[PDB]
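**Student:** Structure in structure tokens, see below.
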4 protein chains.
Amino acid sequence: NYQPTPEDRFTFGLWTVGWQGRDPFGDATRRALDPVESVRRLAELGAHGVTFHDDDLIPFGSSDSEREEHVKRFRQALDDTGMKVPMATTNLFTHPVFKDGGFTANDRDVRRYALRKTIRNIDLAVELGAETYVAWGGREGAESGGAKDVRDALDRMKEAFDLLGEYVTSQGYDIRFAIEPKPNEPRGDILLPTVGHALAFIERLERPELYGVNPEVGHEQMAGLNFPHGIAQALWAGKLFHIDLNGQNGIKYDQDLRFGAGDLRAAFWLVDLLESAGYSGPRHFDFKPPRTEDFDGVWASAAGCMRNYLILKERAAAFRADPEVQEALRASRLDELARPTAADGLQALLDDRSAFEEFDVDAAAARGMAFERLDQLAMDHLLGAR
Amino acid sequence: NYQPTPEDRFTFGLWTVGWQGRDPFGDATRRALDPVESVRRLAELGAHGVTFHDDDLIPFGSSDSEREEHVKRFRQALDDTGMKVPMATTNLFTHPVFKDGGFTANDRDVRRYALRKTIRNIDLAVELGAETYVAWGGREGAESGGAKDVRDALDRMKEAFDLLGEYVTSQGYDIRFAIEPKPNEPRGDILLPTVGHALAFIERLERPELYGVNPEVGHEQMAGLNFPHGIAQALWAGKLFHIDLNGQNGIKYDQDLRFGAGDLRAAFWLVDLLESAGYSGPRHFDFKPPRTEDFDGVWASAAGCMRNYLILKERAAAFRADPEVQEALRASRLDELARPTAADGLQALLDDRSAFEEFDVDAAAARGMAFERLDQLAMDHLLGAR
Amino acid sequence: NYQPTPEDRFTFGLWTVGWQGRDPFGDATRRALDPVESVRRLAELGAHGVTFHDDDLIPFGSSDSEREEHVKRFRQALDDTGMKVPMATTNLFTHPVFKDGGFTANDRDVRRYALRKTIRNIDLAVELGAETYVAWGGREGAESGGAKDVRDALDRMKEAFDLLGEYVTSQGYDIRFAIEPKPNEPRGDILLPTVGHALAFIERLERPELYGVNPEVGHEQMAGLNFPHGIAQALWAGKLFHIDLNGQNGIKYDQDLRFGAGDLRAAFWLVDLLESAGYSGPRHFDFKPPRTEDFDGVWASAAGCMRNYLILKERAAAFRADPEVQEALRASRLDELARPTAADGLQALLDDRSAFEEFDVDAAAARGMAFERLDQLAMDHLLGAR
Amino acid sequence: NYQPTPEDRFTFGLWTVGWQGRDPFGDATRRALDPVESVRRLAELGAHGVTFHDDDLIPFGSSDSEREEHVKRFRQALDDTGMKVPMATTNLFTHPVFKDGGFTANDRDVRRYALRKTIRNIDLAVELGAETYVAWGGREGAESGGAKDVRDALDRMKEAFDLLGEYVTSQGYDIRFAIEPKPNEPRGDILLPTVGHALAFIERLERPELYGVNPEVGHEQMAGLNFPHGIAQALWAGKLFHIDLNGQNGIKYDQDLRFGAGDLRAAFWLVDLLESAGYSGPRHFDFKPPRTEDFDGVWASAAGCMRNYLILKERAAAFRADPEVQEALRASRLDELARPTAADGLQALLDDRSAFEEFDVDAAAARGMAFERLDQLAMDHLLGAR
Ligand SMILES: [Mg+2]
Ligand SMILES: [Mg+2]
Ligand SMILES: [Mg+2]
Ligand SMILES: [Mg+2]
Ligand SMILES: [Mg+2]
Ligand SMILES: [Mg+2]
Ligand SMILES: [Mg+2]
Ligand SMILES: [Mg+2]
């Protein structure tokens, strides 16, 4: 009954179910989880794999001998369970040294340290089989206007990503990069604040084919943007390498609710789009079980992420298969939207008197779009009323 | 006393001072202005020029003989005053035929009509000397998820802009295009909702060098974004072709307040950036005198736009010239941000033990950034307390 | 099949289905509806009744003879259909004379005119059988700080409502007033911007028992507030006299989508609360069929409002009746929330060593709240997955 | 030069300058401050006094002997410096036991513990001379709809505040309560989310004269509301007992910037209102020096709070004293707003044919309000351009 299997490609960060509940105003409400026990419990729930920051897996400051022991234990749990590691990332935000950023810190020696910390984890990610390496520049930004010259900061950001691309190509690694945007928090404003800004920045890198985006549901909604629309533009550009699924109730702090919570209808249209477009990457959940919960509530919340995806997948598929919906899509001229405006070319358009001189503007204006009937059919399908 | 001259390149849309005050809940409070009298009054205030939609200058449905008479009267007022016309645009949003968009309307015949209406005004813009042609896709979007397949819509949007680029290059016109983003209103969500989304889309056009952005202060702030940061990314990409200046109080309907109203400190950092970066284009005001005002209040509001720019220009210049500010910029390491992270290259970085193995992470973390002293110096300069 | 009947008490404003589609950027897309034909069509759909502004029913400036004819035609349509008129209101926002407000306009003669226009429609409302008279102060507010002394404005607002209460009590009318809050639009900020501000203001009126609130879904969500929470506080205070149902996608212009659109889960919790608390007033829809629609889409949208309420009513009732949900409510201690904290009194609490000196704070902190399992049960019920 | 003195009544929470910089994504960047050294440094800066949570001053779990020692050291620093303690409050949010709230936790034993923890600190506050006791219900709320029955929660909230009022009156204490609203964070939605909701709730308490509000600049702006307008309604109701001053850049996480940062023009209108209305309470700063700063930046940020208040005070006073501004206020009819609408009474209004039958609605509509000239005079004064 809406039961996930590893074939559904559901993945979770170690930092999600492992979040101890420490927020800006309160201490942790849960003990720390051993990464090995997280891998085991997620495998029992039907997950496909896990993801990690370097500092989730190897405590900061560990010696190279303790580091090998932490990786050894982790790799044994992966072999014991069949879990994969499709993505990894770097923590360039927790340690106080990163208080003004990593790649765009004003201090040059911090920027060089940030790059070396990243490169070391790229080696580990490749060793564990990760295909995508995510960068979330959570500290790249400012609280005040004079603290950061943004043109210089973008130069430094481009320099850092170009160097990472030079590193992976010189090593022969088969891994790609995905930039994860966020508009604000913990900085007052964060550089590359939306999917669009990240897509535009990638086109100025030396090797743009190596970079895509890792959009997160809640982050685009923190700017009041339509997340399915932003995902469509990422897919249109061929840049949706990875995705972070969760829930968010509007414009406020980053809630990281379980997927399906927050904006339910946006979750429906998101799943409809991902499945229609044939997205084949991981369905990754970047969420936080609320700090009200004990460990039983943690695993219930994680199970809820996958359950809600599978319910929405079923409802979206029934919606698209419904002959009455297919009729309504034609009534609203979705078929005409897919046809070229002027495949006959510019000169034919200019000579076409039916396109302007003899166009009946009042008759075209009187045509209703029938969008409300279509949207109520979508509502009926979502609610199981049809 | 903070008096503008045409050398300041202040420009106004005919639709700004000519706004009659009709909002979603109320009738017009002011009579219509003759475009000729708007040109005269703006010239008296010290403006450099005006901009127009086709339908601002030539009433919709006019015959080709009435059309020549409207252009004739307008051109005579420009000659009488010395006013320029640096930018023009198309109205693809007022007439009911555009209720589902122009370039991305679901109906193909509307899309072809939208292109023909645009091409006709491009010819007129070139005749009047405009160097930039703006596109604001105010109706390109949706209120519901199934009404618009966004990948198909982006195909149609790219097709339309590619055809416009083919037209201007085949005619030999010396004009460039600027896309004006807006996140919402009048559609529930608008395609290309921010500067970033517009910049990313331009890189997929056939002739990207012909297209840039026309960002508007209030529109990026309707998504809660930092407008100076977005302008910096546009300048970094070489794409700031034009700009719309106004004011907005946060995330709500598009207010189009006079420039300097709304977020005053963002206006200060904006002017600082435009002047430091040597932006040489028009300082265009897309604002609406509130409908509480009579015609005396209209011209007072327009004068206020230019006055506030010139006051902020003076304060920003004093800020940057202050030796104590220059000292504080070095104390916050703005100078180090401008220097390459690794001009020595990747291999040198990997072999540099001071960048990781021997990096003193606690000593670097203890360095304060001194951002608050710098920001209070900026506040003191803005308020004239220094 | 989810078919409304007049017993469901669904009502619609004449201005809702009659909205012609004129928005800040576009002309009307639909012809005007005769109020008589709106009454007939809504009755066919299963509505209980209609509501009106004075100017919806009697065009502004009508003579007293044309006024009687408009009322006569309307009353005949009500008799022909069985439709009721449970609520009426005044248009104090469309005419330019109200550009700075009605009750709080700076000009005293406008304030007196606003009161006389209101009193005249109260007489008509009582004649048609209305039990609630709504006030939406859409023009009471400001775009700038010095334009309105808010303490003086609140004095004038209290003066106006006190005079209306003196009028209805001296006439012996059995009608009550409901204030409808909105945070902004069309003014930059509107006085009494939320349910809370309106509730607080009512307690300073001379006869507070005559006044309550008419909250609107989308308006509280324009401030990012939780609409079900605000309704609960209104019910707690005994002040929910009326309600406006619609949909809104977050913090932006007032969309007035059909009910069920926008925040679907908030609509579910709203219906759960209204039905559990025994709200017996009208279920009024203040919505706008999008201007993309023709008249067939108008009535489809109106039918969708009622359909979605009835589906959500069914899902909320199944949720509350589910024994497993009742078990989960006890697991989350909703039962303990309903019990007094200290029915034993202050002195008993102070002497109770188990409340502080001997309270085991670590054992209580370790109790999980089980909120996520409860919320997934609510999701399963909403989606019909259970 | 804009130098504060204790006569300016500037106060700071111990938790403000003492914030160690630990945010949801990062560790502390500053060592803990001894409360004694904070008192000394603030006195040197010109502060009037300090405020505290119980747990700021006495570490949680301290024995009654360590508790007396912490109070002794604190009282000696107050005597050494002349600093006052005008306000105190309870920490009912940091410890995990409060994860579902204090006064409205679902668990009854937690609610009783929360009351006992509060009462103990009220005794201490009275001993230190505090006149106001603040309650910020940061954990009172929910992330999901079924977790909290809000009517039951408001019953529990009223019960708790009624018991506190019974306690202070039975002890003969001369102290009043102030509720501090916040719309969200750390809970998904917080009960009593705005000034208005708090004002309305106070009117249902048994002894309403004992309770007022402690509004915070940034918190009302997290709902996109106009903070000066909300303060005016609090003053109108006679309920502004205390105020929290800081800065916030729009709708996002609670930034707690130094006062004057964020919305500068709202800070100007706030100071204008507080000084015009004769607010005599403490000017309290609830702010966080950004975690980018070292201890030198902490004290620079604190000094900036007071400096910006004094600059804005000077500019607001010059604005109101300017004869040209006084002329413009009369031109905009601010004088008429202060005069009663109908001091002649209801019957005189009904018989006044100039108020309706013979009112010239077109002549009144044509009057411009002259708000834009007034607002540019306010801008000129704020910027020192006049
Ligand atoms: Mg997030
Ligand atoms: Mg993420
Ligand atoms: Mg605008
Ligand atoms: Mg514009
Ligand atoms: Mg509305
Ligand atoms: Mg309404
Ligand atoms: Mg705060
Ligand atoms: Mg506070």
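**Student:** Check off (1) more than 16 Å from C:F356 (Cα to Cα); (2) within 11 Å of another protein chain (Cβ to nearest Cβ); (3) charged (D, E, K, R) for D:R111 and give me the number that stays unchecked.
**Tutor:** Here D:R111 meets the rest and fails (1).
**Student:** Does A:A328 fit the bill of being part of a helix (DSSP H, G or I), under 27 Å from B:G102 (Cα atoms), within 13 Å of chain C (Cβ to nearest Cβ) and touching a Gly at 6+ places or on another chain (Cβ under 9 Å)? Write out each step before concluding.
**Tutor:** Values: part of a helix (DSSP H, G or I): yes; under 27 Å from B:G102 (Cα atoms): yes; within 13 Å of chain C (Cβ to nearest Cβ): yes; touching a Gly at 6+ places or on another chain (Cβ under 9 Å): yes.
Taking the combined requirement at face value, the residue satisfies it.
**Student:** So, of the residues in segment B:274-299 that are crowded, with 22+ Cβ neighbours inside 10 Å and among the aromatic types (F, W, Y), which turns out to be farthest from ligand 6 (Cβ to nearest atom)?
**Tutor:** B:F285
**Student:** Starting from residues that are under 24 Å from C:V85 (Cα atoms) and more than 16 Å from ligand 6 (Cβ to nearest atom), keep the ones in segment C:200-247 and report whichever is nearest to the other protein chains (Cβ to nearest Cβ).
**Tutor:** Taking the candidates together, the pick is C:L235.
**Student:** So in segment C:231-273, with the set limited to residues that are among the polar types (S, T, N, Q) and within 15 Å of ligand 5 (Cβ to nearest atom), which one is surrounded by the most Cβ atoms within 10 Å (Cβ to Cβ)?
**Tutor:** C:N246
**Student:** Then there is this: In segment A:128-139, is there at least one residue being closer than 25 Å to B:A370 by Cβ and not in a loop (DSSP other than H, G, I, E, B)?
**Tutor:** No, the conditions are met nowhere in segment A:128-139.
**Student:** Something else now. Could we say that B:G129 is within 30 Å of B:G224 (Cα to Cα) and of a type outside the set (S, T, Y) here?
**Tutor:** Against the criterion (within 30 Å of B:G224 (Cα to Cα) and of a type outside the set (S, T, Y)), B:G129 does not qualify.
**Student:** Which residue, of A:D109, A:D123, A:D152, is within 21 Å of B:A237 (Cβ to Cβ) and in a helix (DSSP H, G or I)? Show your work before the answer.
**Tutor:** Values: A:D109 fails: within 21 Å of B:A237 (Cβ to Cβ); A:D123 fails: within 21 Å of B:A237 (Cβ to Cβ).
Among A:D109, A:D123, A:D152, only A:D152 is within 21 Å of B:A237 (Cβ to Cβ) and in a helix (DSSP H, G or I).
**Student:** How many of the residues in segment A:23-69 are farther than 14 Å from A:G13 by Cα and in a strand (DSSP E or B)?
**Tutor:** Within segment A:23-69, the subset farther than 14 Å from A:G13 by Cα is A:23-32, A:44-46, A:58-69.
Checking which are in a strand (DSSP E or B) leaves us with A:23, A:26.
Result for segment A:23-69: 2.
**Student:** Among the residues of segment C:172-195, how many are more than 8 Å from every other protein chain (Cβ to nearest Cβ) and either closer than 16 Å to C:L205 by Cα or touching a residue at least 24 places away in the same chain (Cβ under 8 Å) (or both)?
**Tutor:** The qualifying residues number 12.
**Student:** Name the residues in segment C:275-297 that are under 25 Å from C:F241 (Cα atoms), in a helix (DSSP H, G or I) and in contact (Cβ under 8 Å) with a residue 60 or more places away in the chain, would you?
**Tutor:** None; the set is empty.
**Student:** Would you confirm whether any residue within segment A:76-85 is more than 13 Å from chain B (Cβ to nearest Cβ), crowded, with 21+ Cβ neighbours inside 10 Å, in contact with a helix residue (DSSP H, G or I) (Cβ under 9 Å, 6 or more places away or on another chain) and under 25 Å from A:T169 (Cβ atoms)?
**Tutor:** yes
**Student:** Continuing with the same structure: Find the residue count for segment C:239-251, including only residues that are in contact with a strand residue (DSSP E or B) (Cβ under 8 Å, 6 or more places away or on another chain) and either in a loop (DSSP other than H, G, I, E, B) or within 16 Å of ligand 8 (Cβ to nearest atom) (or both).
**Tutor:** Counting residues in segment C:239-251 that are in contact with a strand residue (DSSP E or B) (Cβ under 8 Å, 6 or more places away or on another chain) and either in a loop (DSSP other than H, G, I, E, B) or within 16 Å of ligand 8 (Cβ to nearest atom) (or both) gives 7.
**Student:** Let me ask something additional. Between C:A300, C:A348, which is part of a helix (DSSP H, G or I) and either within 14 Å of chain A (Cβ to nearest Cβ) or in contact with a helix residue (DSSP H, G or I) (Cβ under 7 Å, 6 or more places away or on another chain) (or both)?
**Tutor:** Residue meeting the stated conditions: C:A300.
**Student:** Given the criteria facing chain D (nearest Cβ under 8 Å) and either over 15 Å from the mean Cα position of the chain (by Cα) or more than 16 Å from ligand 6 (Cβ to nearest atom) (or both), does B:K252 qualify?
**Tutor:** Values: facing chain D (nearest Cβ under 8 Å): yes; either over 15 Å from the mean Cα position of the chain (by Cα) or more than 16 Å from ligand 6 (Cβ to nearest atom) (or both): yes.
Yes: the conditions hold for B:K252.
Residues checked against (1) under 30 Å from C:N249 (Cβ atoms); (2) hydrophobic (A, V, I, L, M, F, W, C); (3) touching a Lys or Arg at 6+ places or on another chain (Cβ under 9 Å):
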residue: A:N121; (1), (2), (3): no, no, no
residue: A:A125; (1), (2), (3): no, yes, no
residue: A:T132; (1), (2), (3): no, no, yes
residue: A:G141; (1), (2), (3): yes, no, yes
residue: A:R156; (1), (2), (3): no, no, yes
residue: A:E159; (1), (2), (3): no, no, yes
residue: A:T169; (1), (2), (3): no, no, yes
residue: A:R187; (1), (2), (3): yes, no, yes
residue: A:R207; (1), (2), (3): no, no, no
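**Student:** OK, next. Could you count how many residues in segment D:131-160 are more than 9 Å from every other protein chain (Cβ to nearest Cβ) and buried (at least 23 other Cβ atoms within 10 Å of the Cβ)?
**Tutor:** Number satisfying all stated conditions: 7.
**Student:** Does segment D:216-235 contain at least one residue that is within 14 Å of ligand 8 (Cβ to nearest atom), assigned to a loop (DSSP other than H, G, I, E, B) and closer than 24 Å to C:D149 by Cβ?
**Tutor:** no
Conditions (1) surrounded by fewer than 20 Cβ atoms within 10 Å (Cβ to Cβ); (2) under 15 Å from the mean Cα position of the chain (by Cα); (3) among the acidic types (D, E), marked per residue:
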{"residue": "B:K117", "(1), (2), (3)": "no, no, no"}
{"residue": "B:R120", "(1), (2), (3)": "yes, no, no"}
{"residue": "B:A125", "(1), (2), (3)": "no, no, no"}
{"residue": "B:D162", "(1), (2), (3)": "yes, no, yes"}
{"residue": "B:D174", "(1), (2), (3)": "yes, no, yes"}
{"residue": "B:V217", "(1), (2), (3)": "no, yes, no"}
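**Student:** Between B:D162, B:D254, which is of a type in the set (D, E, K, R), more than 16 Å from ligand 1 (Cβ to nearest atom) and in a helix (DSSP H, G or I)?
**Tutor:** B:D162
**Student:** If only one of D:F268, D:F319, D:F356 is free of Cβ contacts under 8 Å to residues at least 24 places away in the same chain, more than 30 Å from A:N106 (Cβ to Cβ) and not β-branched (V, I, T), which one is it?
**Tutor:** Testing whether each residue is free of Cβ contacts under 8 Å to residues at least 24 places away in the same chain, more than 30 Å from A:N106 (Cβ to Cβ) and not β-branched (V, I, T) leaves just D:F356.
**Student:** Can you name every residue in segment B:312-323 that is buried (at least 22 other Cβ atoms within 10 Å of the Cβ) and either under 19 Å from the mean Cα position of the chain (by Cα) or among the β-branched types (V, I, T) (or both)?
**Tutor:** B:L312
**Student:** Something else about it: Which residues, taken from segment B:1-39, are within 14 Å of chain C (Cβ to nearest Cβ) and charged (D, E, K, R)?
**Tutor:** Those that are within 14 Å of chain C (Cβ to nearest Cβ) and charged (D, E, K, R): B:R22, B:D23, B:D27, B:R30, B:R31.
**Student:** Continuing with this model, one more query. Just name the residue that is surrounded by the most Cβ atoms within 10 Å (Cβ to Cβ) out of those in segment D:1-60 that are over 23 Å from B:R367 (Cα atoms) and among the basic types (K, R).
**Tutor:** Out of the qualifying residues, it is D:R9.
Every number in this text was worked out from the coordinates using simple rules, so none of it is lab data. In this analysis, Cβ positions are derived from the backbone assuming ideal geometry, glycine residues included, and neighbour counts consider all displayed protein chains.
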